[PDB]
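Before any questions on how it binds or moves, here is one chain, the form deposited without 5-nitro-1H-indole-2-carboxylic acid, in structure tokens.
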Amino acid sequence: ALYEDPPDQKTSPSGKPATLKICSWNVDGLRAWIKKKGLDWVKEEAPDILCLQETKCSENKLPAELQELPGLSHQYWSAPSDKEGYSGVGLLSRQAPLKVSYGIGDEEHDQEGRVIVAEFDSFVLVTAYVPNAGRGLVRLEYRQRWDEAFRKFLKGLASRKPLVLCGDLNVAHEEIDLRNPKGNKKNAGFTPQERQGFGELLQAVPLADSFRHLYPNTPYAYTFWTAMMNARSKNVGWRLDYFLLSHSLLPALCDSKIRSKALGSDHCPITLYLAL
């Protein structure tokens, strides 16, 4: 029931060494995460690109430590427009992207600081903090509209350039992706509509779930544990955080990691190795 992520596979299936290391982390409050030493872990992980979700922090209030990241110089941020203190995403990059945009090209879905798009030479990186359907499923209908628009946006992106989508997609795709599937069939994150949404995304773009592609039969691998129930200590969790890849990037896939041991949030980090 407890889980230990296998060691880092650093070469591609054809032997090419990894050249790109991307780390994604819902930090449950950027300023608190930094207080709990989250950036010390980042320095030890040394990613080429760091995506952050649920920063809950406007660009004006970003801590100063973020300016002391010598290898993550190019920092892009997005915050909600209506009010402060919820959602928010960041993208920090060792090299400058050719182009950075925000949102998914749809007004209704572009107000809550949820999506950053960074275009590199040979691939485009999207990081996302997917809207929660809420206690009582009060936002379920909205989440279904989000799912369809996100899917159409990413399908268009992937048709122009190979795509990496990372971050908190806020859904456990299959029963293997959470510890309590039958008790959660009507809870945000595991409704049949959200799981069907995820499935259509995989098929329609198409995209491959990098972790599940490499470890199709591995249960108890989670990236989130609720903070109240001290569920983390007993590994009662959900896999909400993903790297989804264009099929053309699969021969470059070296590994997709779940950094279970890294503290600082109610999500743990995930790390992608690509041999580009």
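Residue indices: 1-based, along the sequence shown.
What comes next is about the form deposited with 5-nitro-1H-indole-2-carboxylic acid bound, which does not appear here.
Student: Of 106-114, 180-188, 201-209, 92-100, which is the one stretch near 5-nitro-1H-indole-2-carboxylic acid in the deposited complex, taking non-hydrogen atoms within 4.5 angstroms as near?
Tutor: Contact criterion met by 92-100 only.
Student: With the partner left out of view, is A262 within 4.5 angstroms of 5-nitro-1H-indole-2-carboxylic acid in the deposited complex by any non-hydrogen atom?
Tutor: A262 lies outside the contact set for 5-nitro-1H-indole-2-carboxylic acid.
Student: When the contact criterion is heavy atoms within 4.5 Å, does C23 count as touching 5-nitro-1H-indole-2-carboxylic acid in the deposited complex?
Tutor: Judged by the heavy-atom cut-off of 4.5 Å, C23 is well away from 5-nitro-1H-indole-2-carboxylic acid in the deposited complex.
Student: Is there a heavy atom of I49 no more than 4.5 Å from a heavy atom of 5-nitro-1H-indole-2-carboxylic acid in the deposited complex?
Tutor: Although 5-nitro-1H-indole-2-carboxylic acid is absent here, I49 would touch it in the deposited complex, with heavy atoms inside 4.5 Å.
Student: Indicate whether 5-nitro-1H-indole-2-carboxylic acid has at least one heavy atom within 4.5 Å of a heavy atom of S73 in the deposited complex.
Tutor: Although 5-nitro-1H-indole-2-carboxylic acid is absent here, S73 would stay clear of it in the deposited complex, with no heavy atoms inside 4.5 Å.
Student: 5-nitro-1H-indole-2-carboxylic acid isn't shown here, but in the deposited complex which of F123, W146, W77, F153 has a heavy atom within 4.5 Å of it?
Tutor: Comparing distances to 5-nitro-1H-indole-2-carboxylic acid in the deposited complex, the residue within 4.5 Å is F123.
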